[PDB]
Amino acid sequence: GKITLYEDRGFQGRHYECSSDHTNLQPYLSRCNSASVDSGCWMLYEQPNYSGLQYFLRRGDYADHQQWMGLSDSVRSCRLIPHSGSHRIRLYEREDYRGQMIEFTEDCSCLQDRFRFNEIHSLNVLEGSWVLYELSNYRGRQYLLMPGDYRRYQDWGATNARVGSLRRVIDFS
């Protein structure tokens, strides 16, 4: 994967190219107001060490941070999300894999049309990577979900358990 991050809007100013996860972009990039994603799928984080608000980016030329839903020019760490052709995720009503469960192998734009609970309190990412969204139609806060087991919503970096939609992470293929 390859992403070029720019300090100023419209692909202007100083820039930095990433091909792997970076824990702290600030020494290499003082602020981020535009980005060109040449390949791969990327998660941008507002703070270093993959903390704070998250934003998912795919190939394309984002002329302003608002175009990736970012509300500021603070982009201080980033992850390259490995592509998968197959995806599977299991969502649970309660913590520790308890209560009612629903499984997805495809995107879902409105979880509440499919599942009774607005809150998801644990989940298993069985295959591929996903982005979960706080609101329906891929809106609200975003959380990157890579393969693994998550016993509590805080395990995916959220401050509440609300999930309204979810998307498979796929590069061009």
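Numbering starts at 1 and runs along the sequence shown.
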property	result
Given 60 to 68 and 128 to 136, the range whose Cα B-factors average higher in the PDB entry	60 to 68
Segment of higher mean CA temperature factor, 9 to 17 or 153 to 161	9 to 17
From 89, 80, 75, 101, residue of greatest CA B-factor	101
Among 111, 43, 53, 123 - the residue whose C-alpha B-factor is largest in the record	111
Third of the chain's Cα B-factor distribution that residue 144 belongs to, per the entry	lowest
Record-listed C-alpha B factor of residue 118: chain third	highest
Residue 36, C-alpha B-factor rank within chain (lowest, middle or highest third)	highest
Ranked against its chain, the third holding the CA B-factor of residue 30	highest
